[PDB]
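A.B. asks: Take a look at the following structure, please.
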Amino acid sequence: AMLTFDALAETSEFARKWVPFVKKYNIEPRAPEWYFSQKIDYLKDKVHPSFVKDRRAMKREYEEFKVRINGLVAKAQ
């Protein structure tokens, strides 16, 4: 029930980075929590030269997003 104007805009700004990312590199699975948490070594079958750099940026964007959300849950009491 976290839907608030800040929660919605942040989720949308993140999904607008994650969704292209998933399509471009055919990320499996598509859920970002399960993907980064499966530390099954994730380089198999990836061939694009921008992947390593983009995956590292994206992990940082996800992690920061997850924190901003945490701070919106705690700002609803």
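Each chain in the structure tokens gets a letter, A, B, ..., in the order shown, and its residues are numbered from 1; ligands are numbered from 1 in order too.
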Env of residue 22 of chain A: 12 Å cut, atoms = only C-alpha atoms, seq-sep filter 2 positions within chain, self excluded. Answer as a VMD selection string.
C.D. replies: chain A and resid 15 to 20 24 to 32 35 51 54 to 55 58
A.B. asks: Okay, now the selection with C-alpha atoms, as a PDB file, in the first residue's frame?
C.D. replies:
```pdb
ATOM      1  CA  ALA A  15      11.360   1.243 -13.982  1.00  0.00           C
ATOM      2  CA  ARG A  16      12.252   3.559 -16.882  1.00  0.00           C
ATOM      3  CA  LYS A  17      15.932   2.543 -16.404  1.00  0.00           C
ATOM      4  CA  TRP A  18      15.440  -1.114 -15.468  1.00  0.00           C
ATOM      5  CA  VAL A  19      12.944  -1.987 -18.224  1.00  0.00           C
ATOM      6  CA  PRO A  20      15.170  -0.911 -21.166  1.00  0.00           C
ATOM      7  CA  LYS A  24      18.706  -4.811 -24.104  1.00  0.00           C
ATOM      8  CA  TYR A  25      20.633  -7.589 -22.336  1.00  0.00           C
ATOM      9  CA  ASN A  26      17.806 -10.138 -22.068  1.00  0.00           C
ATOM     10  CA  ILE A  27      18.153 -10.253 -18.284  1.00  0.00           C
ATOM     11  CA  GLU A  28      16.844 -13.361 -16.510  1.00  0.00           C
ATOM     12  CA  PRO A  29      14.957 -13.189 -14.284  1.00  0.00           C
ATOM     13  CA  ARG A  30      13.388  -9.790 -14.879  1.00  0.00           C
ATOM     14  CA  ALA A  31      12.714  -8.939 -11.186  1.00  0.00           C
ATOM     15  CA  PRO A  32      15.619  -6.761  -9.973  1.00  0.00           C
ATOM     16  CA  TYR A  35      18.384 -10.944 -10.274  1.00  0.00           C
ATOM     17  CA  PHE A  51      27.141  -4.856 -20.455  1.00  0.00           C
ATOM     18  CA  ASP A  54      25.942  -0.889 -17.570  1.00  0.00           C
ATOM     19  CA  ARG A  55      25.272  -3.674 -15.099  1.00  0.00           C
ATOM     20  CA  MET A  58      22.409  -0.337 -12.771  1.00  0.00           C
TER      21      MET A  58
END
```
A.B. asks: Neighbours of segment 3-12 of chain A within 10 Å (only C-alpha atoms; same-chain residues fewer than 2 positions away dropped), as a PyMOL selection string?
C.D. replies: chain A and resi 1+14-18+65-66+68-73+76
A.B. asks: Excluding same-chain residues fewer than 6 positions from residue 56 of chain A, what lies within 12 Å of it counting only C-alpha atoms, as a VMD selection string?
C.D. replies: chain A and resid 21 36 50 62 to 63
A.B. asks: Any chance you can output those residues with N, CA and C atoms as a PDB file, in the first residue's frame?
C.D. replies:
```
ATOM      1  N   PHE A  21      16.972  -1.730 -19.717  1.00  0.00           N
ATOM      2  CA  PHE A  21      18.129  -2.562 -19.390  1.00  0.00           C
ATOM      3  C   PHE A  21      17.841  -4.049 -19.575  1.00  0.00           C
ATOM      4  N   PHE A  36      19.806  -9.476  -8.910  1.00  0.00           N
ATOM      5  CA  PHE A  36      21.072  -9.137  -8.260  1.00  0.00           C
ATOM      6  C   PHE A  36      21.363 -10.063  -7.082  1.00  0.00           C
ATOM      7  N   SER A  50      28.924  -3.185 -23.787  1.00  0.00           N
ATOM      8  CA  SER A  50      28.553  -2.208 -22.780  1.00  0.00           C
ATOM      9  C   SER A  50      27.965  -2.857 -21.539  1.00  0.00           C
ATOM     10  N   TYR A  62      19.748   0.609  -8.665  1.00  0.00           N
ATOM     11  CA  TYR A  62      18.774  -0.185  -7.936  1.00  0.00           C
ATOM     12  C   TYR A  62      18.954  -0.031  -6.439  1.00  0.00           C
ATOM     13  N   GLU A  63      20.205  -0.140  -5.975  1.00  0.00           N
ATOM     14  CA  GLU A  63      20.465  -0.104  -4.542  1.00  0.00           C
ATOM     15  C   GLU A  63      20.033   1.228  -3.952  1.00  0.00           C
TER      16      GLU A  63
END
```
A.B. asks: If you run DSSP on the backbone here, which positions in segment 20-53 of chain A get helix (DSSP H, G or I)? Please write them as number ranges by chain.
C.D. replies: A: 20-25, 32-37, 51-53
A.B. asks: Atom CA of residue 13 of chain A and atom CA of residue 40 of chain A, how far apart in Å?
C.D. replies: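 Atom-to-atom, atom CA of residue 40 of chain A and atom CA of residue 13 of chain A are spaced 27.6 Å apart.
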